């Protein structure tokens, strides 16, 4: 009765240096291929999928963009299950970097957990910070000196000489793309090479880190899911952006303290070379209560729409179930509305929150009046001056003013011009 038995859940929590990708994953897959089990492997990012492809060199595996092993991203798995026909089951599921609080990652591990509890598959979660109780300063075979210092929260001129006098390469974690922009401006002004990694740039620019060896990588939490930045120092203000639903709108004002699992992953970027002691420089405390974030509602929206009313009630993975904001099934859509939802998610780059509000409520898929018929206060500032305006296909001038306002559609990685392409009926 081993790890590939239907209903077994294994958590592999090993640190860097224990052979996870190059020794442990290829052995897990060899056993699955030997036992002729249909096997699913989930990577968080295409970057990690490329590493797996190298580690699984010379095995019979299908990588998504004869084989009984399928390797794909967390998000690809969820987006496939939103299709009527995308619902074949695997007998063994292995999820890498399974701590990610991206909504698709939460719903993926919730779904696989639900199947494993109904004895439909075996589940392996691989993460150094399994969901549940975390420690901020885990001991490993890595050497890390952790020290608390005041850290700039934006541009600085004088002081903080320890930042620029350090010899060797740094990863600086920032709460948002905007804050990262500020830090990168000052670092470049002071003669340092900088690469910015975030939701928008990670998949394209991660490879530049190995190639260019910049003095600083200025990174959002995107780097907490398997990024090997080859740095000797982490700078960590221990903050993140706080997307939350307030008065029926998604807001992006100010910040929250990172979870302990997040602080541990940020610290976890260093300590990778046996024999070398690295630095983790931090400011302030962690906060484990992230239950107020819109990510839990978004993950329930996805999980509700990749399970059936007939199939028994789905849950988030073990301890995350306390953070499911409504009774399971609450956000389930009709086939017809789920087709609209999936289109907005996959073709229009909508957030789950906004794709759900639109698909659930709008009179028809080809209506765009919801983008200008909202309350006055839902307008968007235009960089060039005034409020954002566009022309409908009928040629009428509109002021962008959506019925459902999600601030994430207008900054933090997304351009207003892509949303105006939707609203103007060009997408």
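Numbering follows the first chain given and starts at 1.
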**Message:** Between residue 364 and residue 365, how many residues of the deposited sequence have no coordinates in this entry: none, 1 to 3, 4 to 9, or 10 or more?
**Reply:** none
**Prompt:** For the stretches 343-351 and 102-110, which has the higher mean C-alpha B-factor as given in the deposited record?
**Reply:** 343-351
**Request:** Would you determine, from the values in the PDB entry, which of 169-177 and 115-123 has the greater average C-alpha temperature factor?
**Result:** 115-123
**Asked** With respect to the C-alpha temperature factors reported in the PDB entry, which of 229, 71, 235, 309 ranks highest?
**Response** 309
**Criterion, highest CA B-factor; candidates, 214, 271, 136, 159** = 159
**Item:** Relative C-alpha B-factor of residue 44, binned into the chain's lowest, middle or highest third
**Value:** lowest
**Message:** Using only modelled residues of the chain, where does the Cα B factor of residue 338 rank: lowest third, middle third or highest third?
**Reply:** middle
**Asked** According to the PDB entry, is the CA B factor of residue 225 in the bottom, middle or top third of its chain, that is, lowest, middle or highest?
**Response** lowest
**Prompt:** Relative to the other modelled residues in the chain, which third contains the C-alpha temperature factor of residue 267: lowest, middle or highest?
**Reply:** lowest
**Message:** Looking at the temperature factor on the CA atom of residue 255, which third of the chain's modelled residues does it land in?
**Reply:** highest
